[PDB]
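Structural description and commentary
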Amino acid sequence: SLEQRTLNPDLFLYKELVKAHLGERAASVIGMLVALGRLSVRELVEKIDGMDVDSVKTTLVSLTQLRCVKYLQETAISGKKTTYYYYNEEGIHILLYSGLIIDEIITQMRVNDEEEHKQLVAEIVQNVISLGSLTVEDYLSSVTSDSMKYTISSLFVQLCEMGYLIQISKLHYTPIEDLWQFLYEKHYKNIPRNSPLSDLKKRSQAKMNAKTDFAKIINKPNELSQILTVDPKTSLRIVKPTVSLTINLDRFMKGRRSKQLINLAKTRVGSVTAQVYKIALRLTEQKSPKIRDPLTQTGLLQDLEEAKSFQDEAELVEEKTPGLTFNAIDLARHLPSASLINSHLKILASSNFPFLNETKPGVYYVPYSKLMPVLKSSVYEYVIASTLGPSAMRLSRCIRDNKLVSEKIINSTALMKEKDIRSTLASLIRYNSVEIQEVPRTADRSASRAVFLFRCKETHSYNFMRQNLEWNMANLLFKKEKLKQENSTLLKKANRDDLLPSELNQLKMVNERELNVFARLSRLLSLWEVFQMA
Amino acid sequence: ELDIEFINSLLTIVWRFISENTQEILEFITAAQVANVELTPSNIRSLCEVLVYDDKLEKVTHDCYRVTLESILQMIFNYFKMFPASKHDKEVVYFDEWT
Amino acid sequence: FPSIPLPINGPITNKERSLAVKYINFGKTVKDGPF
């Protein structure tokens with residue numbers, strides 16, 4: 001399969017997601033936007049061929065409903081209004097994490113047991129977004145007229161006010177940079193001429209006004225003050241029925257981050273304190289620091305006097321946020337013993353891994369900005385010990401703390417024989433955990449008259465890992481659809497009935513093996529999502 | 001110290017000493033009739049840094065040493081009890097063959 | 001033909017076996033639906 005292993009960036013991942021479960025005609029057009037960047041319809045039809053101009057719009061409305069693209073309108077002084085169309089990178093991640101949301105509703109809503117909406121609440125996620133958008137009038141107007149709909153309608157305000165059901169708007173459907181320009185030009189046209197002093201600061205006068213506007217306008221959909229209708233009759237509280245809403249990835253990805261952190265605890269403590277840590281981890285999940293950092297996405301990240309300000313205030317926000325600094329007193333009532341609440345938390349500060357390490361005395365909270373870099377350094381070194389030799393695990397840590405290691409001190413600091421490390425180091429240049437630094441002791445940088453120095457380079461090592469896993473995801477996805485190509489005449493017969501006795505065998509052996517594909521992918525996708533905390 | 005092997009025989013004993021829970025090490029190595037001729041604080045600090053690179057113990061307060069509880073793994077981060085099928089299975093994941 | 005596999009090679013557990021059924025019906029709603 002050397003054809004596939006060469007020419008494939010993350011475009012081979014992104015093209016095949018709509019090729020997996022959608023019509024075929026949209027896999028062609030989604031590859032065009034990722035390869036070309038941004039383009040409207042008036043130049044789209046020149047790029048593709050085999051799709052009519054309205055058949056583009058017939059195709060474009062399919063991933064429009066599923067929020068898989070994001071548009072932008074810009075008009076010219078001389079020309080008409082031009083609708084530049086971009087790609088949505090998170091709306092297609094919903095198709096990636098599609099099954100995992102169903103296992104998130106159950107493992108986070110544990111107040112109910114043996115309920116008669118277990119089959120139903122697993123279907124609401126299949127109802128809210130497989131249709132695309134969703135409003136309240138869509139499911140009440142189903143085949144069930146009442147069937148105790150008021151119980152079901154009151155069930156979702158329990159399911160919406162916990163999060164990840166934010167009302168959609170233009171903000172969810174427009175990207176992050178094409179909003180910021182005309183609002184910065186709005187603040188810039190708020191400051192006219194007749195202030196000539198410090199004009200370099202007057203250019204930044206709109207920029208200080210843009211920072212407060214950016215946090216304000218991003219909280220407008222997160223503002224829960226208008227997502228509810230206080231009903232004086234036949235109910236007590238209800239969401240507004242005229243709200244079009246889908247899922248939000250933000251609380252899920254923070255919630256998926258929350259499951260990732262406790263797996264370090266089960267390695268770094270036993271079964272008691274990991275159970276103690278699991279409960280208090282849950283309470284801070286609904287209000288947590290943002291994983292994607294929309295401030296740092298695209299903007300003034302090139303200058304360090306601004307690039308420092310993206311974590312100077314963000315540490316002060318995480319430190320001075322009221323909705324996570326627990327008193328370590330309310331933890332005993334949530335566990336199904338305030339001394340043991342303090343004594344089993346004492347091990348969390350004693351370890352050199354900064355979770356529950358720094359705090360004000362009497363109050364306790366878990367830090368975020370200085371914790372997620374330790375988790376990324378921890379798992380990959382274990383992956384080196386997992387898929388290849390543990391001698392590299394010794395060598396990866398030796399070059400880690402010892403900056404600019406030489407070939408003499410590597411046998412002074414680490415203690416192995418000479419022939420084995422050549423059989424271990426040389427695979428790490430190939431996989432880019434170590435790098436080369438050269439000292440020219442002769443003229444014109446002679447290769448033989450030079451000794452070579454090493455480095456960890458904690459950025460390039462993880463970039464190689466990401467595209468190594470993005471390909472391995474789509475490689476297993478490539479082996480999904482090709483198995484459905486053969487033996488298709490009886491899968492068509494397996495979908496026309498809702499019986500040859502020997503033909504049924506060739507449907508189960510192909511079905512048990514694809515069952516292993518989703519399980520290994522779920523094991524694989526958790527290892528990759530550790531490194532989107534950027 | 002000596003370039004030939006059997007440093008790991010010295011390495012495995014001191015890992016058992018800290019697991020039950022740098023000056024403490026010097027007398028413990030002198031006991032148990034070990035086959036050594038020259039103990040020094042420099043070599044014990046040199047012997048200990050390898051266990052830091054193997055994460056068999058932890059370094060705290062610049063001189064104290066704790067265990068990272070590797071012993072419960074010694075007995076997802078669960079790299080044993082994970083047997084591959086590798087026979088008549090074409091849909092297996094490989095770490096090479098993308099470079 | 002290539003060596004060095006990843007260490008994730010396991011029989012599927014019932015904890016995630018129902019999780020894998022949530023995928024095959026998900027695309028069945030989409031493909032057999034409108035699109």
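In what follows, the structure referred to is the one given above.
1. Comments concerning the overall build of chain C
Broken down by element type, chain C carries one helix and zero strands. When the backbone C-alpha atoms are referred to their principal axes, chain C occupies close to 45 × 25 × 10 Å. By the burial criterion, 34% of the 35 residues in chain C qualify as buried. Carbon and sulfur atoms form 62% of the exposed surface of chain C, whose accessible area is close to 2,200 Å².

2. Quick notes on the pattern of salt bridges
Counted by the stated rule, this structure contains 22 salt bridges over all chains. Where A:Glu407 meets A:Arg422, a salt bridge forms, and the shortest distance between an N and an O atom there is 2.7 Å. With A:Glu407 in the loop between α20 (390-401) and α21 (410-413) and A:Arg422 in helix α22 (residues 418-431), this pair connects stretches of sequence that are 15 residues apart. Using a relative accessible area of 45% as the deciding quantity, one classes A:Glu407 as partly exposed. Judged by relative accessible area, which is 44%, A:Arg422 ranks as partly exposed. In this structure, the salt-bridge partner of A:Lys482 is B:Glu91, at a minimum N-O distance of 3.7 Å. Residue A:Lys482 is found in the loop between α23 (460-481) and α24 (488-491), and its partner B:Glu91 is found in the segment after α4 (71-74); the two belong to separate chains. Relative accessible area serves as the criterion here: at 29%, A:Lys482 is assigned to the partly exposed category. Members of the salt-bridge network, linked through shared partners, are A:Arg110, A:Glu115 and A:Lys118.

3. Remarks on the pairing of strand β2 (residues 81-87) of chain A
Residues and elements named next belong to chain A. Two strands pair when backbone bridges link them, and strand β1 (residues 69-75) and β2 are joined in this way by seven bridges, in the antiparallel orientation. Bridged to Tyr71 within β2 is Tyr85. Here β1 folds back onto β2 in antiparallel fashion, the turn holding five residues.

4. Focus on empty space enclosed by the protein
Residue and element names in this part refer to chain A. Taken as a whole, the largest cavity holds about 340 Å³ of empty space. Along the wall of the largest cavity there are 22 residues; nearest its centre are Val128, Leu134, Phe156, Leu165 and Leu245. Within the residue set of the lining of the largest cavity, elements represented by two or more residues are α7 (118-128), α8 (136-140) and α9 (149-160). Of the residues that constitute the lining of the largest cavity, the class distribution is 17 nonpolar, four polar and one charged.

5. A few points about the packing of aromatic side chains
With the rule as written, the count across this model stands at 14 aromatic pairs over all chains. Where A:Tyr431 meets B:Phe95, the ring centres are 4.9 Å apart and the plane angle is 90 degrees; that geometry is what we call edge-to-face. In this pair, A:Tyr431 is assigned in helix α22 and B:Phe95 in the segment after α4, connecting two distinct chains. Exposure remark for B:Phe95: the relative accessible area of 15% places this residue in the buried category. Pairing A:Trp471 with B:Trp98 gives two aromatic rings, centres 6.3 Å apart and planes at 20 degrees, and the pair type is stacked. Of this pair, A:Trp471 sits in helix α23 while B:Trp98 sits in the segment after α4, which puts the two residues in different chains. The pair formed by A:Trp471 and B:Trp98 is uniform in burial state, with each residue classed as buried.

6. Examining the interface of chain B and chain A
The interface of chain B with chain A comprises 24 residues on the first partner and 36 residues on the second. For the interface between chain B and chain A, the tally reads six salt bridges. Counting only elements with at least two residues in the side of chain B that touches chain A, the list comes to α3 (41-53) and β1 (58-60) of chain B. With three residues, α3(B) is the largest single contributor of residues to the side of chain B that touches chain A. Of the residues contributing to the side of chain B that touches chain A, the split by class is 13 nonpolar, two polar and nine charged.

Cut-offs applied
- Residues numbered from 1 in each chain as written, not as in the entry; some residues may be left out.
- Chains lettered and ligands numbered in written order.
- Part of a larger assembly, values for the part shown.
- Heavy atoms only, no water.
- Helix = DSSP H or I, 4+ residues; strand = E, 2+ residues; numbered from the N terminus.
- Buried < 20%, exposed > 50% of the residue type's maximum accessible area, 1.4 Å probe, protein only.
- Areas by Shrake-Rupley, 256 points an atom, 1.4 Å probe, with all protein chains shown as cover.
- Salt bridge = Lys/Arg side-chain N within 4 Å of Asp/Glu carboxyl O.
- Pairing = 2+ DSSP bridges.
- 1 Å grid on protein atoms, 1.4 Å probe; cavity = no way out; pocket = protein on both sides within 12 Å on 5 of 7 lines; lining within 4 Å.
- Points joined across faces, edges and corners; volume = space filled by probe spheres on them.
- Nonpolar A, V, L, I, M, F, W, Y, C, P; charged D, E, K, R; others polar.
- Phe/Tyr/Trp six-rings, centres within 6.5 Å; stacked < 30°, edge-to-face > 60°.
- Contact = heavy atoms within 4.5 Å.

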